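Q: Take a look and give me a structure for this.
(chains A, B, C, D, E, F, G, H, I and J)
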Amino acid sequence: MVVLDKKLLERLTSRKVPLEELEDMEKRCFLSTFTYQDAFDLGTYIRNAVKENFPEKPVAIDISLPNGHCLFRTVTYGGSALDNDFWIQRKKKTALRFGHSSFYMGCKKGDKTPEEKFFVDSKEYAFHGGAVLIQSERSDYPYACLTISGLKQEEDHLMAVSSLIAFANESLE
Amino acid sequence: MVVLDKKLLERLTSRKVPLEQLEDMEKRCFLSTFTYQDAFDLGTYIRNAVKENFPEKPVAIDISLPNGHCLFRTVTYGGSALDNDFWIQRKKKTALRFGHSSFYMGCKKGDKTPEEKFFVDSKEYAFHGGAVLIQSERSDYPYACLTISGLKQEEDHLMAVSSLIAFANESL
Amino acid sequence: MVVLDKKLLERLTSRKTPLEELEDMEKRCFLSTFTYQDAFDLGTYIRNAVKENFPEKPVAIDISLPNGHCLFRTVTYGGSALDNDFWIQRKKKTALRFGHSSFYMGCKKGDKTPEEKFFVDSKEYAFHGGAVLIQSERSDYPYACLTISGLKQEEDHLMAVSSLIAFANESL
Amino acid sequence: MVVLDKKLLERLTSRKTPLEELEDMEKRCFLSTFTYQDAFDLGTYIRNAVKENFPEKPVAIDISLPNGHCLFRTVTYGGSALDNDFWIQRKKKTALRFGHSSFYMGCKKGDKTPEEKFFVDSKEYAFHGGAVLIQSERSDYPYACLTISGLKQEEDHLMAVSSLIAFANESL
Amino acid sequence: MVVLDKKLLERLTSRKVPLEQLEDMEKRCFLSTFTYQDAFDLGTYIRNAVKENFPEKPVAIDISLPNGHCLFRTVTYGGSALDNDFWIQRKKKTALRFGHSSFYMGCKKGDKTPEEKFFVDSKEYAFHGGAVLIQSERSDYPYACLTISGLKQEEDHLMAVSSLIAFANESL
Amino acid sequence: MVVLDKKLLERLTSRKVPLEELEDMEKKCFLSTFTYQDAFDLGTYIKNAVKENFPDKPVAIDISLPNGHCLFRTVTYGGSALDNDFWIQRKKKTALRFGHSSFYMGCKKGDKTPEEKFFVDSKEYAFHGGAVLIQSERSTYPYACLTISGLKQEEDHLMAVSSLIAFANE
Amino acid sequence: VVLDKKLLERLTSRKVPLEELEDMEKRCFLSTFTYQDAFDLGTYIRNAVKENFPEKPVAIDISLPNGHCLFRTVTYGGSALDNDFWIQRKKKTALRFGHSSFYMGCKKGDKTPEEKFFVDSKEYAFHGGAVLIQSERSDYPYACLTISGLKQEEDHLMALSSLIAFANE
Amino acid sequence: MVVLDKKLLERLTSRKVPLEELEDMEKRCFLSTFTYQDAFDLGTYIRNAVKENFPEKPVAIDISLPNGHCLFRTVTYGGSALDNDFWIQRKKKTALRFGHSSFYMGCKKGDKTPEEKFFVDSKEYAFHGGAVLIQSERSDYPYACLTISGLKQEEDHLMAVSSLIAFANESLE
Amino acid sequence: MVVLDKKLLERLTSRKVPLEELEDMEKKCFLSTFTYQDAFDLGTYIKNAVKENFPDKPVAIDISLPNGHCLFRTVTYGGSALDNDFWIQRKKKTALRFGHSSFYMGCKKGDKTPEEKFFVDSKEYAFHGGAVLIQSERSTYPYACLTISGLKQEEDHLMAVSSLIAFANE
Amino acid sequence: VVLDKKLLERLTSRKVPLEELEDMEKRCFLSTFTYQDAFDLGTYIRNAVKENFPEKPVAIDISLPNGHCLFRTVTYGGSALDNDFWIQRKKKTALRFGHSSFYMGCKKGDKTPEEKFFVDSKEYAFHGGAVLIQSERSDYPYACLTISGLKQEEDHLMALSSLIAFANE
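A: Numbering: from 1, shown residues only, chains lettered A, B, ... in the order given. Okay, here it is:
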C-alpha cells in the first residue's frame, strides 16, 4: 500500500521544491540487500501500487543495473507503447550518469535545454521525472535504477520515490 | 505445471528433429487473446516454471511485441548478467525476422555461418534456440515473441514451447 | 465506394476534435481475422476508394506489420515519387512507436517541434495524418499499420479511418 | 494463367544456360507504355500467377523504380516475413547496379564470393534469382525492376521473366 | 540553337511564376527515345548552348539515371570546381526524389528551411534550380535527370528547360 | 601484507582452470562496505602490492563502477602506454558484461571470441586475465570492477584476486 | 594550499586578462615528470581538495597528451560518470588549444564553442580545471591535469596553485 | 586513331610485363597544358577510339582532378550500368592514392589481396586495370586521372595509356 | 626578400574586398614548374619570411596537393597547438573545394557557412583567411594549396599571397 | 650518417632481440625539444635520406603525441598520399604501444595485428620507421618521428641513427 502525498505533489507539479529537499527524498530510497528476488518483489510491488493509484492508466516500470542489465520490466494497464521504452532508457541514462533522479536534473536544468546546460544530446537523455536510483546502505553508489513512465512527470517521480521508501520500510520486519 | 518430455529434449539436442516437426510444435503456440495482463500472467507462469524445473539456474525471460516494445522481463535467479540481454535481443531479432523459432533457424543453416546462409551479421542475429514467436489464432502474423535465455539452447527453446502451449492450454 | 463527412473533414482541419474523440474513432478501427488476403483486400479496397474520391491525385497506400514487414503497397495515379515512400515510412514509424495515429499525435504536438516535445528526429518521424493502426479485437496491440500519403493531411487520416471502419463491415 | 517450362526450369537449376542466352530471354522483357496502372496490372497479374502455380507458398512480389520508389508490393500466401523484404531489397539492388537480372549475375559469379568477384557486401547485394529488369523498347535503360522472392531461386527468376514476356502480350 | 526568353527569366527571378506554370514547362521536356547516344548528343548540345549564351562562365552539366548512373558530364569553361559536383548531386537528388525541377521545389517551400518543409538535410538536398527531370513519352516516370550548375539558379534552370525542349523539338 | 602463492600461479599458468575453483575463488572476493574512500584505500593497497612483488614492471590498476564511472586509476613504473588503457577497458567490459572475471571467461574459451564462442568483437572485449568483479555481501550483483594490466594474464588475475581477498580480511 | 579569495573573485568576475592567465599558466612546470611524480602530484592535489572542500565530490586526473591516463581519483561520495565526461571534454580543450580550459572559456566570451573555435560543445568544454603541466627545456606540455566538481574558477585555481605549490618541492 | 599493340596486350593479359616497364609506359602519359577544353578533347578522343576498337562494347570514361572534381564523363555503347561508376571511383582512388596506374598496383599486389598487402578496404579500392594518371611535364604530380571501365582489365589499362600517348603526340603540332 | 604592404593590409583588414581585386591578386600567384624540391624551397622561404615579419608569433605553414598529400609542414615558434592542424585542414578544404582562396570565400559571405550560404558544415570548412591555391601557367587547375595559420586572417592571407608572388619572380 | 649494413641485415633477418631493440630505442633522446629543435631534426634527416637514398621518395614526419604536426617533408618525386597513410598508421602504433613500429612488428611475429594486440591493421602499422623521440628527465616521450618509403628496416634504422647522431650535437 502506497499513498502519494497530494500536497507534496502539486508542490512538485508547481515547481519550488528546492533541490536540496529533492536530494533528501532520493537519498531516503535505499535497500539493505539487493537480490534477484528483491528486484522481482519490488517491481511487482510498484506494479500493484501503480495499478491501485492509477487504474486504467498504462505505465511501464523498469529496474536495471548501472551497466544496463535489465532485471524487471512490466507494463501496468496496457495502453502502453514502444515510446515508453524510449522514455525508460532516456530517463535512466540521465539518472545513472548524473547521480540524481531524472526529476531533480530537470529541475536543475530549469529552462535552457540539455544541450547547452549539460552538453548532452536530448534525444539520448530525457530530463523528465520517472527515473530514481536505488541506493545502497553501505555502498555509496547505487544498486540499480528504478524507472517509471507514462503518468504525469511529477507522478512518475513520486511513485518511484514513494514506492521505494514504502518497500524499504516493509523490511522493518 | 510444465514438464519437458525428456525424450524430445535429447532428440533436439542430437539435432534429430525435422523442420516440419519443429514448425508443427511452433504453429501450436497460440493465444486467442494476449492482453497486457496476458503478458504478465504468461511471463510469471514461465518464471515459476523455469524456477521449478531448473532451480539455481539464472534465466532471463522476455515478452516483446514485434515492434520491440517490451511487455515483460524478469531474471529467474542470481547470477544473471548483461549478455543475457544481448542473447535475448539477438534471439528475438532472428525469430521476428524469419518467422520461426530461433532454434528452428539454427536447425536450418546448420554448420554454415549466418553470414553465409541468411546474409546477416550474427553479432546481431542469434541462431541458438530460446526465442519462440507467440502466434495469434485470428491472424497469420504473430502477437509477440517469447524469449528465454540462460539454459542449454534446446532447453531455452523447449521451456519456451512447452510452457507456451501449456499456458495456451488453460482456458474455460 | 466510401464517403468522407465534409463536416468532419473540416472539424479535423480546424483542430476542433479533441484527442479522446480521435481515439474514439481510432479504437473503432479493428478487425476479426487479419490474414495475407485481408491485407490485399483492404489495400485494393482503399486503392479503389481513393481513386473514386480523388481521381487525379497521386496517392501511396501501405499496409505493414509492426516489425516493418510490408504486406501491401500501391500508388493510385501517375504523379507519385520517392518522397511518398519517405512519408509512409515517417508516418508509420510514429503510429507504431506511439499508441496512436500520426494525426492524433500531430494534434498532441501543436506548434512545438517533434524534437522539442516528443524528442525524436523529425527527419525520422512524421507528425501528419495518414497513418492509422489496424486494431485487433481482444489483443490490446495492433495487428498492423495502414498508411496513406499524398492527399491533404486531414484527408489522408480520414480516408484511412473511414476505410478501416467501412472495410470492417465486410462481415459476411 | 502462365506456364513454366519444366525443362527450362531444370536447364537453369543445373547451370546449363549460357549468359548470352539469359540475356536473350531478359532483353525480351520489355513494354511499350509503363504507367502506374501497368505496374498494378502487372503486380496483380503476377500475384494471381504465382498463387495458381504455387498455392501454399508465401511469395513476395515487388515493382520499383530505379531510384527505389516502390509502385507495387504484395505477399501471396500467409507465411511471409521481414526476411522477404530484405531479399527483395538485396535482389533488386543487384539488378539495378549491374546490367542484368540477379540470376544472370548469380551465374556470372559462380563459387566466388560477391565480395571477391564483384567487390560488394553480400549483406547489401543478393546474387540469387528473382530480380528482373523491366526493359523499355527504345530506351537502352530499364523502366523499373521486378522482384520475386520465396520460391526456389530458379523459379523466382523464371516466374518473373515468364510473367513479363507473357504480360507483354496484353497488347490490345 | 537555344535562346532564353528574357521575359520569362526576369519573371522567374522575381518568383513571379506559378507552380502550375512551372510544372507545365517541365511536363513538356520529354524524349521519345533516350539511348546512350541520345545522352551524348543531348549533353554536347547543351554544352554548346551554355557556351554560346554564356561565354566565359564555367558551368557543369550532368545527365544521370534515377539510379545514379552517370551517362554524361562536362565542364563548360575554366574555373569550374568541386562544389559544382556537390551542387549537381544535391540538385539532382532533390529533383529525382520529389518529381519536379529543383527549381519548382524551391518555389514551393519558399522562405521555410528544407528541414522545416520537406524534412530533409539540405547539406544533402539542394533547393536552388538547375536540375530538370527528363520525362518519357511512354512512361509516367522520368528517363533521367538533367542538371546544370554555375549560372544564376534561374538560368541553370532555364537553360535546362529550354535546351531540353529545343532538343526534344528536333526530329523528322 | 599480500603474497602470491607461486604454486597456485603454476596451476593457473597452465591447466588448472576447473572454473568451479575459479568461481569459488571469485565469490570469495567481496567487501561489506564500498565507499569513495574504500576505492582509494584499495587502489593504493594494490599499487604497493605489485610494486613489492613485481618491482620493475609497469602495471596499470583501475577500479570503476558497472556504469563505467572511474573511481581510481594508477600505474606503477615508467614504460606504461596507452595500450594499457585499452586492455583495462577491454577486459573490464568482459568482466562487467558476463557474470565472471576476465580469465574465467578466457578459460571458458579455446576459440575465437569475435563470433565463434560469444559473438562479441574481440576489439571491444578482452578475454585475457586481470579483471575481477568486486562483490557485495548484501547483493547478488557487484559493486565495481577491479582490473590490473601489464603482467602475464595469470599474474594480472591472481594479484587482483589475492589483493581483494587480502583487503577484505585485513 | 589555500585559494586567494581575491584572485578567485577576479577569475569569477572575468577581470583577469589573457596575458595574466597565460603567465600564471606558463608558470606551472616541472623538471622531472615520471610515473611516481604523477602519483605524488595526484594524491597531493586530492587531500588538498579534501581540505579546502570537505563536502564536495571532485574527480582529479593526470593524463598524457596521447590520452594515456597516469592518475585518477575521486575525493568524496557524490561523484558520477558526468565527472568523467567533464574530465574528457575539458582536457580535450587544453591539449588541442595550448591553454587552460578556463583560458579558452575567457577567450570564448559569450559566443558558442561552435561559432567561435568551430568545434562540438559536446566534445570540448570551456570551464577550466584542465591545466597543462609544462616542461622546462621544452616548448610543449608534459601532460594535462584536470579537476572537476568544484564549479568553474576554483576547479581552475586549485589546479594552477597545487601545480605551482608542488613545483616548489 | 589509336591502335592497341596486340603483343603488348596478352603480354599484359598473360602477366610478366615487369613493373619497371609498366612505370615506363605510364610516365610517358603526360600533357603540356591541361585546360577545360583539353579535358573535353581528350575525353572525346578516347570515346571515339573506344567506339572504334570496341564497337558494341559499353565503356565508361572518366577524367577527374586529384581532388575529385569531375571534368569529363561519358558512356560509349550503352550497355553500361551504375556498377561502372563504382569501378571508376574505385580504380581512381587507387591510382590517385598510390601514384601508379591501377593496373600496376594490381601487379604489385599479385595474389594476397588489398587488405593484407596495402591495408586498405577492397570495397573502396579496386586494383584492376582501367585507371591511369594524367601526368604533367613540369609538375612532378599529376594533372588528373584518366579512368576506363568495362573492357577486359588489360584493355582498359592499355586503352588509357595508348590514347593518352596518342593524344599527347598529336600536340606535336 | 618579401615585404607586406601595410597599406594593402589595411584595405584587406576592413572593407576592400572587391573580389575582382582579390581574384586578380590570386591569378597572379603561380609557378612555371612544381617539384618536390620546389615545395621544400617554398615552404622554407615562407618560414623565414614570417619569422622576419612576425618574429615572436607561432604560425603553421603547409603545402599539400589537391588530393590531400602533404608535401611540407612547419611551424615557426613554440605555442603552436593541434588547433593549427584543424585550421590548416579546414581552410585548405575550402580553398581546394571552391575555385578560390579562403578569405576570398570568407569575403563572399557575411552569413552562416553551415548552410546559410554554401550548405557546408563549418566544422569541416573554414572561411577565414590563410589558404591560397598555387596555380599553373599551363593548367586551368591548381598544382597544390598553400595554407598559413595563426596570424590575423588578413595577415595569414597576405603572407601567403605576397610570398607566392615573391617566390615566383625571385 | 650511414647505415651499418651488418646491423641492417640483422634487423632484416630478425635476429636482433627485443631487449637490444629497446636499448637502441631507449638511447634516442634529447635535452632540449623546441619548435626549432624539431626543424633542425627534420631537415637534418631529410638530406641524410637524400644522401643515402638518392632515387627514393621518402616522407619524414615529426609529430607530438596529441597529433600536432611540427615537421613534414618529402625527399624526392614519386611520393604519394599512401605515404601519409603510412606515417599515420606507423606513428599511431608507436604512440599507443610505447615502442617503435619495427619493435612491435618483431613482437608481432607472424600473427595478425588483429589476433595479437587486438587492433585494426588499417589503423595501426607494424613496419618500423616510427621511432619515439625521448626525453631525459621524463618517463614519457617528447614526440614521435616517422619515416616512410625506404621499405622496412632502413626506414627504422635511418630514424634511430639520425636521432642518436643528432643527439650528439
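
Q: Now residue A:47. Its backbone dihedrals?
A: The phi and psi values for residue A:47, taken as degrees, to the nearest 10, are phi -60, psi -40.

Q: my read: it touches residue A:73, true?
A: No. The pair residue A:47 / residue A:73 is not scored as a contact, 10.1 Å apart, by Cβ atoms under 8 Å. All C-beta spots, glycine's among them, are computed from the backbone N, C-alpha and C.

Q: between these two, what contacts are shared?
A: Counting by Cβ atoms under 8 Å, 6 or more residues apart in numbering or on different chains, the shared contacts of residue A:47 and residue A:73 are residue A:61.

Q: Give me the neighbour count for the residue of chain A at minimum distance from chain D.
A: Relative to chain D, the nearest point of chain A is residue A:82 (16.4 Å; Cβ to the nearest Cβ). Residues lying near residue A:82 (other Cβ atoms under 10 Å in any protein chain shown) number 18.

Q: Please name the nearest non-neighbouring residue to residue A:15.
A: Spatial nearest neighbour of residue A:15, chain neighbours left out: residue A:107 (7.0 Å); criterion: Cβ to Cβ, 6 or more residues apart in numbering or on different chains.

Q: roughly how far apart are the one you found and residue A:99?
A: Plainly put, residue A:107 is 14 Å away from residue A:99 if you go by Cβ to Cβ, to the nearest Å.

Q: Between the two, point out the one with more neighbours.
A: A count of neighbours by other Cβ under 10 Å puts residue A:99 above the other of residue A:107 and residue A:99, at 24 against 20.

Q: right, and that one touches residue G:79 too?
A: Yes. Contact criterion Cβ under 8 Å: residue A:99 and residue G:79 qualify, at 7.3 Å.

Q: thinking again about what came up before, could you check the angle the helix or strand hosting the residue nearest to residue A:15 makes with helix G:81-97?
A: According to DSSP states H and E, residue A:107 maps onto helix A:102-109. In terms of direction (axes from the mean of the first three to the mean of the last three Cα atoms, to 10 degrees), helix A:102-109 departs from helix G:81-97 by 40 degrees.

Q: Sketch out the helices for chain A, chain order is fine.
A: Using DSSP state H, the helices found in chain A span residues A:19-26, A:36-53, A:82-98, A:102-109, A:114-118, A:122-125, A:153-168.

Q: ok, back up a step: quick one, which of residue A:47 and residue A:73 is more surrounded?
A: residue A:73 (24 against 18).

Q: who's in contact with that one?
A: Residue A:73 is in contact with A:43, A:60-63, B:70-74, counting by Cβ under 8 Å, 6+ apart.

Q: let's go with 10 Å and repeat that
A: Applying Cβ atoms under 10 Å, 6 or more residues apart in numbering or on different chains, we find residue A:73 in contact with A:43, A:60-64, A:84-85, A:88, A:147, B:43, B:62-64, B:70-74.

Q: got the contact list for the nearest residue to residue A:87 once chain neighbours are set aside?
A: What sits nearest to residue A:87 in space, not counting adjacent residues and going by Cβ to Cβ, 6+ apart, is residue A:149, at 4.3 Å. By Cβ under 10 Å, 6+ apart, the contact set of residue A:149 is A:58-62, A:75, A:80, A:83-92, A:126, A:128-131, A:156.

Q: Are any of those buried, and if so which?
A: A:58-62, A:75, A:80, A:83-92, A:126, A:128-131, A:156 (16 or more other Cβ atoms under 10 Å in any protein chain shown).

Q: Find the nearest non-adjacent residue to residue A:166, please.
A: Leaving aside its chain neighbours, residue A:166 sits nearest to residue A:2 (4.8 Å; criterion: Cβ to Cβ, 6+ apart).

Q: I'd say that neighbour and residue A:54 touch.
A: No. Assessed by Cβ atoms under 10 Å, residue A:2 is found out of contact with residue A:54, at 11.0 Å.

Q: Now list whatever residues contact both of those two.
A: Listed as contacting both residue A:2 and residue A:54 by Cβ under 10 Å, 6+ apart are residue A:159.

Q: burial count for residue A:45?
A: By the criterion of other Cβ under 10 Å, residue A:45 has 18 neighbours.

Q: Check residue A:121 too.
A: 10.

Q: Identify the spatial nearest neighbour of the residue of chain A found nearest chain E, chain neighbours not counted.
A: For chain A, the residue closest to chain E is residue A:123, as judged by Cβ to the nearest Cβ, at 15.3 Å. Nearest residue to residue A:123, sequence neighbours excluded (Cβ to Cβ, 6+ apart): residue C:119, at 5.7 Å.

Q: related to what we said a few turns ago, anything in contact with each of residue A:99 and residue G:79?
A: Contact with both residue A:99 and residue G:79 is made by residues A:141, F:69, G:57, according to Cβ under 10 Å, 6+ apart.

Q: can you tell me which residues contact residue A:89?
A: When contacts are counted by Cβ under 10 Å, 6+ apart, residue A:89 touches A:62, A:64, A:68, A:124-126, A:131, A:147, A:149.

Q: what residues are up against residue A:72?
A: Counted by Cβ under 10 Å, 6+ apart, residue A:72 has contacts A:36, A:38-44, A:46-47, A:61-64, A:144, A:146, B:72-75.

Q: do you know how far it is from chain F?
A: 13 Å (Cβ to the nearest Cβ, to the nearest Å).

Q: Bridging across strands, which residues link to that residue?
A: Per DSSP bridges, the residues bridged to residue A:72 are residue A:63.

Q: ok, residue A:15 touching residue A:109?
A: No. The pair residue A:15 / residue A:109 is not scored as a contact, 11.5 Å apart, by Cβ under 10 Å.

Q: Would you mind confirming that residue A:114 is in contact with residue A:97?
A: No. If you go by Cβ under 10 Å, residue A:114 and residue A:97 don't touch, sitting 11.1 Å apart.

Q: neighbour-wise, which of those two wins?
A: Looking at residue A:114 and residue A:97 with other Cβ under 10 Å, you find the greater number of neighbours at residue A:97, namely 24 against 20.

Q: ok, now which ones touch residue A:90?
A: Applying Cβ under 10 Å, 6+ apart, we find residue A:90 in contact with A:102, A:122-128, A:130-131, A:147, A:149, C:119.

Q: go on, residue A:53?
A: Residue A:53 is in contact with A:2-4, A:59, A:151, A:155, A:158-159, A:162-163, counting by Cβ under 10 Å, 6+ apart.

Q: Check residue A:48 too.
A: By Cβ under 10 Å, 6+ apart, the residues touching residue A:48 are A:1-2, A:76, A:163.

Q: Filter those down to the buried ones.
A: A:2, A:76, A:163.

Q: what residues are up against the second one?
A: If I follow you right, that is residue A:76. A:46-51, A:54-61, A:148, A:150-151, B:36-37, B:40.

Q: burial measure for residue A:172, as a count.
A: Residue A:172: 5 neighbours (other Cβ under 10 Å).
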